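A.B. asks: need a structure here:
(one chain, ligands or ions: 3)
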Amino acid sequence: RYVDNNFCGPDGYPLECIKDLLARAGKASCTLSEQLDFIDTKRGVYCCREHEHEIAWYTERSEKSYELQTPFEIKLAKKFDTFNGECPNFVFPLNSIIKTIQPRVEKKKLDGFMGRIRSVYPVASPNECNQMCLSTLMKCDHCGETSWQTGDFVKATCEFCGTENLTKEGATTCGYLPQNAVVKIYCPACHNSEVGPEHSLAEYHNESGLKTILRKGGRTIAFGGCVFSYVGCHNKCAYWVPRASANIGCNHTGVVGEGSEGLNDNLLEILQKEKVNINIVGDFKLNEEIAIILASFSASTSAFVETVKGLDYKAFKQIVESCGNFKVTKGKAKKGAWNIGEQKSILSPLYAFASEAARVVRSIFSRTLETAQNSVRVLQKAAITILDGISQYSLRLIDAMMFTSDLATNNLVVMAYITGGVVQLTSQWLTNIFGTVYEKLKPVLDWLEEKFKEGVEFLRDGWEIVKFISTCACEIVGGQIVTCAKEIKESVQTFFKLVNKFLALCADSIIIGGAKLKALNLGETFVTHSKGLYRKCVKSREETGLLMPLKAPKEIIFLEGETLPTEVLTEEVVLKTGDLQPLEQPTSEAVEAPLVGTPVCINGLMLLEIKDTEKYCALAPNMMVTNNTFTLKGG
Ligand SMILES: [Zn+2]
Ligand SMILES: [Zn+2]
Ligand SMILES: [Zn+2]
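C.D. replies: Numbering: from 1, shown residues only. Ligands and ions are numbered 1, 2, ... in the order given. See the structure here:
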């Protein structure tokens, strides 16, 4: 029977043996300090004959007489200075400051629910209240793992499998106390057809059937470092509020229960500061820890979907710091800082954010798949089913994270959802490059379909492929696709090698203006080393509008494709002969920058004769300069 320095028990209430000693001594009407002086005079710890009430905790309590002490009169709790041993279970965490909600006095007459909730919080409606994040560290009977399951003080959902379990003895915690913190509990009384809404308080407790703590002062619940009381019901749900809650920094309530001592030490090192130091270690990435912290600042899931669109370090810094409770840094890991970069489990008292978006984020990145050598498409269908169950915005949220920013995760449900789309993305990617999907290119999509048969084994490779392609800067140069000068992972190198092999097999020989070029032949289109897709456009002399000599070929060859914003000095076109030689400097990569010249028709091909040099560039049907650079052997 451990007590605090005020001889009160671990539940925050007085003991019967001490009330009896004070009663027989005539000290019941005395103040707390006067009563303590008496109790200590009578040997304190040994004031009882059959008990040794070792002092385990130090608390700061109001002067109210010992008999009137409750958890609601505590302001500070810590381990007693001279207590050498492990902390027993205590209603509040150690080294915490306890806050209470002082009910407001209303001036106007209100209905039962709105009157009571508006005394607790200054809200216009229950829609302005925030459901608290309550979690319990307990075994999931459906699976066998032990983790922090999220729910309320009656039941919780296991994030790995999505099933519900009843709360059991273990470490409990409430997350960061939100504004207008409430807990919504299913109210059988309102669903019981024999009771219905507008039930009495006694009926509520009898129908609820949960194990409250019964005291002369009412029925309360102690969970996760908070003491909850019942306020009222609305929409057939019961509302509990944290009449009293601990604060260990950043408005976190800490951990109580078995094992809470070590957990609280880990929280205090990080949160027990005037300002919480959030330190991004290495490159900024939208991992689970960043997503959950940012989600904590969203009003709704859909607001978060928009918020993450194009998320970068700066936007994250500004949004998080705007509340004034955090300071965001980046660089090397620091001792005592909230170091983000190494991946850690998101199911802990830390990251226990109560926002709507945060709950969606936590669910999305915590679910597992029942993987049994299933194909990617089967896994995707399962992943989508899971994601839809979490939230109707869950797919759009992931889409935004993966395609507008830089998303990272090892969650198989998210990976399966995205990976199954690599075929559709690849089809669009090939369409963007070549204009469509050709039979010569389909083998690229057949390869992905074959890899889908590997199931989980291909999720990481597909992830990297989707990530790269989603934000790639690819261009086709002759028979090879090249990328920007970035490091390419082995899984992405493999994807591009097989794509380029299928393309090298199509590297045919074409003639443009008499010149031999190595170019892809995918059907009606071709690609040259000029870094673009072109078609052969043939028009009659009279159809071009050129001031062509009558000795020119009847048919004039143009290259239809991407062009440069160049200008033509004159409509006059020179009729000239020569041996056109392609250059390795396409797309105006030559030293010459006039971007103007005189048209010339060489072997039926229209080129612009670049001013003040001897280089030529092919013209498109619209008389704009293309990326195909030529010269003439001998001038
Ligand atoms: Zn005793
Ligand atoms: Zn489970
Ligand atoms: Zn009710």
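
A.B. asks: only C-alpha atoms for contact and neighbour calcs from this point on.
C.D. replies: Fine.

A.B. asks: how would you label residue 449: helix, strand or coil?
C.D. replies: Assigned with DSSP: H, G, I helix; E, B strand; the rest coil, residue 449 falls in the helix class.

A.B. asks: Then residue 395?
C.D. replies: helix.

A.B. asks: So it versus ligand 1, what's the distance?
C.D. replies: From residue 395 over to ligand 1 the distance is 59 Å, taken as Cα to the ion, to the nearest Å.

A.B. asks: can you pull the contacts of the closest residue in space to that residue that isn't next to it in sequence?
C.D. replies: Sequence neighbours aside, residue 387 is the residue nearest to residue 395 in space, at 6.7 Å (criterion: Cα to Cα, 6 or more residues apart in numbering). The contact partners of residue 387, by Cα atoms under 8 Å, 6 or more residues apart in numbering, come to 364, 394, 395, 413.

A.B. asks: top of the residues you listed by neighbour count?
C.D. replies: residue 364 (27 neighbours; other Cα atoms under 10 Å).

A.B. asks: wait, what's in contact with that residue?
C.D. replies: 387, 390, 394, 413, 414.

A.B. asks: Strands of the stretch 101-250 of the chain, residue ranges please.
C.D. replies: With DSSP state E, counting those that start in this stretch as the criterion, the stretch 101-250 of the chain has strands at 130-131, 134-139, 146-151, 155-157, 164-166, 172-174, 181-186, 213-215, 218-223, 226-234, 237-247.

A.B. asks: Can you name the residues of the stretch 151-300 of the chain that neighbour ligand 3?
C.D. replies: Neighbours of ligand 3 within the stretch 151-300 of the chain, by Cα under 5 Å from the ion: 187, 190, 233.

A.B. asks: Buried subset of those, written for PyMOL?
C.D. replies: Applying 16 or more other Cα atoms under 10 Å to those leaves a buried subset, and the PyMOL line that selects it is:
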select buried, resi 187+190+233
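
A.B. asks: Tell me the one among the residues of the stretch 151-300 of the chain next to ligand 3 nearest to ligand 2.
C.D. replies: residue 187 (25.9 Å; Cα to the ion).

A.B. asks: So the closest one versus residue 551, what's the distance?
C.D. replies: Between residue 187 and residue 551 the distance, using Cα to Cα, to the nearest Å, works out to 95 Å.

A.B. asks: Near ligand 3, which residues of the chain? Just list them.
C.D. replies: The chain comes close to ligand 3 at residues 187, 190, 233, as judged by Cα under 5 Å from the ion.

A.B. asks: What residues sit buried inside stretch 218-228?
C.D. replies: Buried-residue list, stretch 218-228, by 16+ other Cα under 10 Å: 220, 221, 222, 223, 224, 225, 226, 227, 228.

A.B. asks: surely the last one meets residue 239?
C.D. replies: No: with contacts counted by Cα atoms under 8 Å, residue 228 stays clear of residue 239, the gap being 9.8 Å.

A.B. asks: Report how many residues lie close to the residue nearest to residue 207 when sequence neighbours are not counted.
C.D. replies: Distances taken as Cα to Cα, 6+ apart place residue 189 nearest to residue 207, at 5.4 Å, with adjacent residues excluded. Residues lying near residue 189 (other Cα under 10 Å) number 24.

A.B. asks: same deal with residue 587?
C.D. replies: 18.

A.B. asks: which residues does residue 576 contact?
C.D. replies: 600, 601, 602, 603 are the contacts of residue 576 under Cα under 8 Å, 6+ apart.

A.B. asks: ok, so what distance separates the closest residue to the first one other than its chain neighbours from ligand 1?
C.D. replies: Put plainly, it is residue 600. Leaving aside its chain neighbours, residue 600 sits nearest to residue 574 (4.5 Å; criterion: Cα to Cα, 6+ apart). Relative to ligand 1, residue 574 is positioned 114 Å away (Cα to the ion).

A.B. asks: and residue 574, what does it touch?
C.D. replies: Per Cα under 8 Å, 6+ apart, neighbours of residue 574: 548, 549, 598, 599, 600, 601.

A.B. asks: Relative to ligand 2, which of those residues is nearest.
C.D. replies: Nearest member of the contacts of residue 574 to ligand 2, counting by Cα to the ion, is residue 599, at 73.2 Å.

A.B. asks: Quick check: that closest one vs ligand 3, distance?
C.D. replies: For residue 599 relative to ligand 3 (Cα to the ion), the value is 85 Å.

A.B. asks: Name the SS class of that residue, please.
C.D. replies: Strictly by three-state DSSP, residue 599 counts as strand.

A.B. asks: and if you look at residue 606?
C.D. replies: Following three-state DSSP, we place residue 606 in the strand state.

A.B. asks: Quick check: beta-bridge partners of it?
C.D. replies: residue 601 (DSSP bridges).

A.B. asks: Number the residues from 48 up from this point.
C.D. replies: Will do, 48 is the new start, and the previous item becomes residue 653.

A.B. asks: Show me what counts as buried in the helix or strand that the residue nearest to residue 442 is a member of.
C.D. replies: In this assignment (DSSP states H and E), residue 434 forms part of helix 423-437. For helix 423-437, a neighbour-count test (16+ other Cα under 10 Å) marks 423, 424, 425, 426, 427, 429, 430, 431, 433, 434, 437 as buried.

A.B. asks: can you tell me how far residue 185 sits from residue 405?
C.D. replies: Residue 185 is 21 Å from residue 405, by Cα to Cα.

A.B. asks: Which one's more surrounded, these two?
C.D. replies: Using other Cα under 10 Å as the criterion, residue 185 and residue 405 rank with residue 405 on top: 25 against 22.

A.B. asks: Am I right that that one is in a helix?
C.D. replies: Yes: residue state for residue 405 (three-state DSSP) corresponds to a helix.

A.B. asks: what about the strands in the stretch 498-647 of the chain?
C.D. replies: Using DSSP E, counting those that start in this stretch, strands in the stretch 498-647 of the chain cover 522-524, 527-529, 554-559, 562-568, 573-575, 579-587, 602-608, 610-611, 621-623, 627-629, 644-649.

A.B. asks: ok, residues contacting the third one?
C.D. replies: What it means is strand 554-559. 525, 526, 563, 564, 565, 566, 567, 568, 652.

A.B. asks: residue contacts, residue 444?
C.D. replies: 349, 351, 352, 355.

A.B. asks: Could you identify which of those has the most neighbours?
C.D. replies: Busiest of these [other Cα under 10 Å] is residue 351, holding 24 neighbours.

A.B. asks: Spatially nearest residue to that residue (excluding sequence neighbours)?
C.D. replies: Residue 351 sits nearest to residue 345 (Cα to Cα, 6+ apart), 5.5 Å away.

A.B. asks: which SSE is that neighbour in?
C.D. replies: Short version, using DSSP H and E: residue 345 is in no helix or strand.

A.B. asks: before we move on, what about the one 5 residues further on?
C.D. replies: Element membership of residue 350, judged by DSSP H and E, is helix 348-354.

A.B. asks: Reformat the residues of the stretch 198-347 of the chain next to ligand 3 as TSV; add distance to residue 48.
C.D. replies: TSV is the format used below for those (distance: Cα to Cα, whole Å):
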residue	distance to residue 48
234	36
237	40
280	38
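
A.B. asks: Residue 542: which of the residues of the stretch 198-347 of the chain next to ligand 3 is nearest?
C.D. replies: residue 234 (55.3 Å; Cα to Cα).

A.B. asks: so that closest one touches residue 255, yeah?
C.D. replies: Yes: using Cα under 8 Å, residue 234 is in contact with residue 255, at 6.2 Å.

A.B. asks: ok, residue 607 - contacts?
C.D. replies: Residues counted as contacts of residue 607 (Cα under 8 Å, 6+ apart) are 581, 582, 583, 584, 667, 668.

A.B. asks: Please name the bridge partners of it.
C.D. replies: Residues in beta-bridge contact with residue 607 (DSSP bridges): residue 582.
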